[PDB]
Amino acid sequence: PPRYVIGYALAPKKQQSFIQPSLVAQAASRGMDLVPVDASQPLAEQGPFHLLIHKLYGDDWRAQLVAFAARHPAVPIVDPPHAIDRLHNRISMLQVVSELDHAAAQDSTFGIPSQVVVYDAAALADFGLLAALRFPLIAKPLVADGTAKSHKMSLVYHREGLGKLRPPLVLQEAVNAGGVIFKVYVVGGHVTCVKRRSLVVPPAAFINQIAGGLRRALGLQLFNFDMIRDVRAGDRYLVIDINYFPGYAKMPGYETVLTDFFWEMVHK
């Protein structure tokens, strides 16, 4: 029976969290060898791979990945750098949601929250529209990715606290949220979901339809989304983040899901 190299290109802190003995063992036992990509050596120079997974950001890496991709058409990349680029900018991140409008009328509806972009300290002070905003506000830096430390979301109650943030940033209103957040982890066509008190769980078929959509639209095997209930109508949900290749190490039995996923991908 043949054997399958899974190359992996991840920042140290991600490797420490993601690549765990339990993942490495389970994969090995099923015939798949997780193998670190040398960061000090062209990806093209490096050994044959049956699958490449990565979560690195650079014009350098983009370049090597495209050389590889154009040299090795048959080898899956998880995920293709094009598709990852769309979620880097917080306001261009929800662009792709709107895309599967033709989802389900059922007894649940899903939408994207309207957002406000402030590029300079000047506008933070002078922009009239900021004064007609309801607090608290969810504030995210406009171009995240998950590199630079402060590229996670935060909560602004005082309008003072808003003028202490560093632009460029995106804002959305948190007032119809009920104060709850549901983090949904997606691996290919699998869905796993976790509750988290911010600052009455959605139907499983709805969460599955949306993940189904996001996956189609995003062209991404590895993401999560945050949604909230619109507490006005009782039965409506909003997609508020989409973070690529999230911390699966945090959901339990991820080893099994991800090995099951690696397996699917190397018989593709």
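Quick note: we count residues from 1 along the sequence shown, nothing fancier.
Count the deposited residues lacking coordinates between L199 and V200 and you get 10 or more of them. Between 62-70 and 216-224, it is 62-70 that carries the larger average Cα temperature factor according to the deposited entry. As listed in the deposited structure, the average C-alpha B-factor of 81-89 and of 105-113 is greater for 105-113. Per the PDB record, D235 has a higher Cα B-factor than any other of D38, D235, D241, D33.
The PDB entry assigns the greatest CA B-factor among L133, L165, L124, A174 to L165. Annotation for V156: CA B-factor lies in the middle third of the chain's modelled residues. Split the chain's modelled residues into thirds by C-alpha temperature factor. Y185 is in the lowest one. In the PDB entry, a CA B factor belonging to the highest third of its chain's modelled residues is recorded for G178.
In this PDB entry, the Cα temperature factor of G146 sits in the top third of its chain's modelled residues, the highest group.
Per-chain ranking of the deposited C-alpha B factor places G247 in the lowest third.
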